[PDB]
Asker: 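There's a structure below that I have some questions on.
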Amino acid sequence: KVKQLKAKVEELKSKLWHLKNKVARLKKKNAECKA
Amino acid sequence: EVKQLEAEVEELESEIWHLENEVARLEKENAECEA
């Protein structure tokens, strides 16, 4: 119910935040690799 | 309430899909530069 959706939102928020940090890490790795 | 949460879930999933696409691309670029 409204409870389940709430759980999906929190899971998606957590996954989104993980992805933003991953993308920022990969951008810096690539910039450095390109020396 | 459900109409609002249902909408936030769609917004979160779309941002995720784009980041996942960006991650895959960045991992590829990193693969080449590292090789």
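All heavy atoms count here, side chains included; hydrogens, waters and symmetry mates do not. Lettering of chains follows the sequences in order, A, B, ..., and the numbering in each one begins at 1.
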Asker: Would a 4.5 Å heavy-atom cut-off, applied to side chains only, mark B:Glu6 and A:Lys8 as touching?
Answerer: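 No; the side chains remain at least 4.5 Å from each other.
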Asker: For a side chain to side chain contact (heavy atoms under 4.5 Å, CB included) check, start with the C-alpha distance between A:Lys29 and B:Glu27, then their side-chain angles and the critical distance, and finish with the verdict.
Answerer: CA-CA 10 Å; A:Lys29 273 183 173 290; B:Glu27 295 184 308; over 6 Å; no
Asker: Scan the side chains in residues 10-19 of chain A for donor-acceptor partners under 3.5 Å anywhere in the protein, sequence neighbours excluded, and list what turns up.
Answerer:
unit_1, atom_1, unit_2, atom_2, d
A:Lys13, NZ, B:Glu8, OE2, 3.3
A:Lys15, NZ, B:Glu20, OE2, 2.9
A:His18, ND1, A:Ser14, O, 2.6

Asker: Testing the basics here: between B:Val2 and A:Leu5, what is the closest heavy-atom pair and its distance to 0.1 Å?
Answerer: CG1-CD1, 3.7 Å
Asker: How far does CD of B:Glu32 sit from CG of A:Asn30, to the nearest 0.5 angstrom?
Answerer: 9.5 Å
Asker: Hey, does the side chain of B:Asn30 reach the backbone of A:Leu26 with a donor-acceptor pair shorter than 3.5 angstrom?
Answerer: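 Not confirmed, B:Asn30 side chain does not pair with A:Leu26 backbone.
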Asker: Which value, rounded to the nearest 0.5 Å, describes the distance between B:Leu26 atom CG and A:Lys22 atom NZ?
Answerer: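 Here the interatomic distance stands at 10.0 Å.
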